[PDB]
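As a starting point, one isolated chain is supplied in structure tokens, in the form deposited in one PDB entry.
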């Protein structure tokens, strides 16, 4: 019998409970259940990925077609907060991948620094994502931008970082909480507005989905950056 099986998305696994292969066997990050499977000389530990705490997990269980975060990927994560979702991105991309974890708050910043001590593939960037000039000498060109900044001007911020850092034909994964962008617009009016802005900055949405039952009026938009010459 196979307990934990590869998910469709490479680097992800399903036990329906989503899990990622633990980069730091023995350690939990936010009190998540851990599941170690030993057979003979082999051994592999997984980490439970809670969809009520991670918008990315909620999107995966909601049936998103692509996440682009994959083994070996270079990921710029905007809005890294304390590292909950970032820790699972770190598992997915693996030792040959890279996760830049940008977060403004220095409180969450300290949780991120502790998380990165264990995970070599995390770079904490405790800076304001509005001003990429302050940190662009630290960021090699990335394959994916994941954004969860939760601001009304989130999309311009994300686009500013994509212009600087995202490779052509690179992808983005943007989490949009409607009442943080504009609590007096309907969720459909926010999502349509934000998707339009993306398209105007050559961030071409390829798919979108909401996150019920885990979150209300919360969308994830996945797409591709195809900038001009």
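Residue numbers count along the first chain shown, from 1. Only residues modelled in both forms are compared. Only the largest set of C-alpha atoms that superpose within 1.5 Å between the two forms is called the rigid core.
Just so it is clear, the following notes concern the form deposited with a small molecule bound, a form of the same protein that is not shown.
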Per-stretch contact check against the small molecule in the deposited bound form, the hit in 92 to 100, 136 to 144, 72 to 80, 114 to 122 (non-hydrogen atom, 4.5 angstroms): 72 to 80
Site check 202, 221 and 225: each within 4.5 Å of the small molecule in the deposited bound form by heavy atom: no
Position that moves between this form and the one not shown after core superposition, taken from 159, 73, 116, 149, with Cα shift of 2 Å or more: 149
Cα distance between residue 149 and residue 188, which in the deposited bound form differs by 3 Å or more from this form, closer or farther: closer
Residue pair residue 124, residue 149 - Cα distance in the deposited bound form, closer or farther (3 Å or more): farther
Regions of at least 3 residues displaced between this form and the one not shown by 2 angstroms or more (CA, core superposed): 149 to 152
